[PDB]
Each structure stands twice: as structure tokens, then as C-alpha cells.
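Have a look at the structure below, then the notes.
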Amino acid sequence: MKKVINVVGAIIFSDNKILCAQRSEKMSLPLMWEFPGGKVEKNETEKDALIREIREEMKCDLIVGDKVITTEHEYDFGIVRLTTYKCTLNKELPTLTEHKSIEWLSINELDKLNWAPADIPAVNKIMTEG
């Protein structure tokens with residue numbers, strides 16, 4: 001009936017800052033902002049998709065904590081399910097980070113990076129940490 005679009009994002013934390021990666025027009029509201037990644041295979045899970053991709057794609061030891069939140073929306077070409085996963089900073093720097101530019105906002109400033117409607121509620125949770 002509908003095409004279940006499985007996509008997973010990555011949120012690297014470091015010094016109370018967040019990374020930015022303005023992908024193509026495929027991502028969610030990539031015009032204003034957008035996170036790195038956001039693609040899952042039809043065999044791998046939202047998590048396995050990160051541990052696998054981040055492996056070669058990022059070519060780093062990016063560590064993962066736990067699932068942030070699950071968001072889904074009704075699309076014409078199926079259903080878009082955006083999910084975030086708490087990541088950690090490693091020795092080497094992340095990849096595809098220079099895509100848009102170098103900007104690290106604080107936890108109480110991330111709001112300025114108005115993200116998609118699926119990540120919006122996922123980013124707000126972070127603030128809870130304080």
C-alpha cells in the first residue's frame with residue numbers, strides 16, 4: 001500500500017555541541033537544516049545501518065548510545081520514518097561534516113537550527129539533559 005522509507009540519522013556530541021550536515025533535497029527540510037546520513041537498507045536495521053555506514057562511510061570509531069526517538073509521517077511516495085541515535089566523539093573527526101560548513105551550536109542554541117518536523121521533537125529531547 002505504501003513504501004516504508006527507513007532512514008536513520010547521526011548526532012555526534014562533543015563539548016556540548018552538535019554537528020550540521022545539509023544533505024540534498026531528498027532529506028527532510030534540508031533547505032533550512034539537516035543531519036548527516038538518513039538512509040537505511042531493506043535488510044539492515046536503523047541501528048545496524050549506522051554501525052555499518054559510520055564504519056566505512058564515516059571511517060571513524062563513532063560510538064552509539066541509545067535510540068533517541070521514533071518519528072513517522074505520511075508521504076505520497078510512502079511513509080518517511082526519521083529516527084535519531086545518540087552518538088559520541090572519537091579521536092578522528094567525522095566525515096561529510098564540511099558539507100554545509102563548520103557550525104557548532106550549544107544545547108540551548110540548537111533551536112536556531114530549526115530541523116525537520118521529524119527531528120524537531122528528537123532534538124528537543126537533548127535539551128532535557130541540560
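Identifiers in this document derive from the order of the C-alpha cells: chains are assigned A, B, ..., residues are numbered from 1 separately in each chain, and ligands are numbered from 1 in order of occurrence.
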Non-local contacts of residue A:27 (12 Å; only C-alpha atoms; under 2 positions in same chain excluded) as an mmCIF file with C-alpha atoms, in the first residue's frame:
data_model
loop_
_atom_site.group_PDB
_atom_site.id
_atom_site.type_symbol
_atom_site.label_atom_id
_atom_site.label_comp_id
_atom_site.auth_asym_id
_atom_site.auth_seq_id
_atom_site.Cartn_x
_atom_site.Cartn_y
_atom_site.Cartn_z
ATOM 1 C CA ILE A 5 11.047 4.706 3.962
ATOM 2 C CA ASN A 6 13.560 3.689 6.629
ATOM 3 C CA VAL A 7 16.104 6.397 7.445
ATOM 4 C CA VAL A 8 18.479 6.863 10.379
ATOM 5 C CA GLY A 9 20.437 9.935 11.427
ATOM 6 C CA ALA A 21 25.198 18.390 7.504
ATOM 7 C CA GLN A 22 22.918 19.931 4.878
ATOM 8 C CA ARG A 23 22.211 16.988 2.575
ATOM 9 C CA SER A 24 20.412 17.105 -0.776
ATOM 10 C CA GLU A 25 16.729 17.934 -1.245
ATOM 11 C CA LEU A 29 13.501 20.077 5.095
ATOM 12 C CA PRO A 30 17.183 20.099 4.053
ATOM 13 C CA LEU A 31 16.692 23.692 2.904
ATOM 14 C CA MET A 32 16.894 25.207 6.387
ATOM 15 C CA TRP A 33 18.868 22.410 8.046
ATOM 16 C CA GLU A 34 19.570 18.672 8.022
ATOM 17 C CA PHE A 35 21.592 16.000 9.823
ATOM 18 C CA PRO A 36 24.256 13.682 8.347
ATOM 19 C CA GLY A 37 23.048 10.406 6.869
ATOM 20 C CA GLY A 38 19.422 9.325 6.862
ATOM 21 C CA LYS A 39 19.320 6.117 4.835
ATOM 22 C CA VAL A 80 9.018 8.679 5.960
ATOM 23 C CA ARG A 81 10.351 7.409 9.288
ATOM 24 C CA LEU A 82 13.056 9.659 10.736
ATOM 25 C CA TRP A 115 15.301 20.908 11.903
ATOM 26 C CA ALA A 116 12.652 18.851 10.112
ATOM 27 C CA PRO A 117 9.324 18.086 11.842
ATOM 28 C CA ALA A 118 10.542 14.539 12.467
ATOM 29 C CA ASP A 119 13.815 15.562 14.112
#
10 Å contact set for residue A:79, only C-alpha atoms, chain neighbours under 6 positions out, as a PDB file with N, CA, C and O atoms, in the first residue's frame:
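As written to disk, selection.pdb reads:
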ATOM      1  N   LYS A   2       1.918   1.244   0.810  1.00  0.00           N
ATOM      2  CA  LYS A   2       2.825   2.381   0.903  1.00  0.00           C
ATOM      3  C   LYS A   2       4.273   1.915   1.010  1.00  0.00           C
ATOM      4  O   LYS A   2       4.545   0.793   1.436  1.00  0.00           O
ATOM      5  N   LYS A   3       5.200   2.784   0.620  1.00  0.00           N
ATOM      6  CA  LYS A   3       6.622   2.462   0.674  1.00  0.00           C
ATOM      7  C   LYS A   3       7.236   2.930   1.990  1.00  0.00           C
ATOM      8  O   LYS A   3       7.445   4.125   2.198  1.00  0.00           O
ATOM      9  N   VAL A   4       7.523   1.980   2.874  1.00  0.00           N
ATOM     10  CA  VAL A   4       8.115   2.294   4.168  1.00  0.00           C
ATOM     11  C   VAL A   4       9.549   2.791   4.011  1.00  0.00           C
ATOM     12  O   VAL A   4      10.472   2.000   3.820  1.00  0.00           O
ATOM     13  N   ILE A   5       9.726   4.106   4.094  1.00  0.00           N
ATOM     14  CA  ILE A   5      11.047   4.706   3.962  1.00  0.00           C
ATOM     15  C   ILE A   5      11.792   4.695   5.292  1.00  0.00           C
ATOM     16  O   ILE A   5      11.489   5.476   6.193  1.00  0.00           O
ATOM     17  N   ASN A   6      12.770   3.802   5.408  1.00  0.00           N
ATOM     18  CA  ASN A   6      13.560   3.689   6.629  1.00  0.00           C
ATOM     19  C   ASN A   6      14.827   4.534   6.537  1.00  0.00           C
ATOM     20  O   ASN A   6      15.683   4.300   5.683  1.00  0.00           O
ATOM     21  N   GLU A  72       7.394   9.320  12.441  1.00  0.00           N
ATOM     22  CA  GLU A  72       6.894   8.870  11.148  1.00  0.00           C
ATOM     23  C   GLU A  72       5.874   9.856  10.585  1.00  0.00           C
ATOM     24  O   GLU A  72       5.132  10.493  11.333  1.00  0.00           O
ATOM     25  N   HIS A  73       5.846   9.979   9.262  1.00  0.00           N
ATOM     26  CA  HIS A  73       4.917  10.888   8.598  1.00  0.00           C
ATOM     27  C   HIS A  73       4.357  10.259   7.326  1.00  0.00           C
ATOM     28  O   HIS A  73       5.001   9.415   6.705  1.00  0.00           O
TER      29      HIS A  73
END
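The interatomic distance for the pair atom CA of residue A:106 and atom CA of residue A:87 works out to 15.8 Å.
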Task: Shortest interatomic distance to residue A:112 - which of A:95, A:124, A:11, A:41, counting only C-alpha atoms - done: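 Looking at the shortest contact to residue A:112, the residue is A:124.
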Open item on the list: Given only C-alpha atoms as the basis, pick out the residue of A:69, A:17, A:127, A:94 nearest to residue A:54.
Closed with: A:94
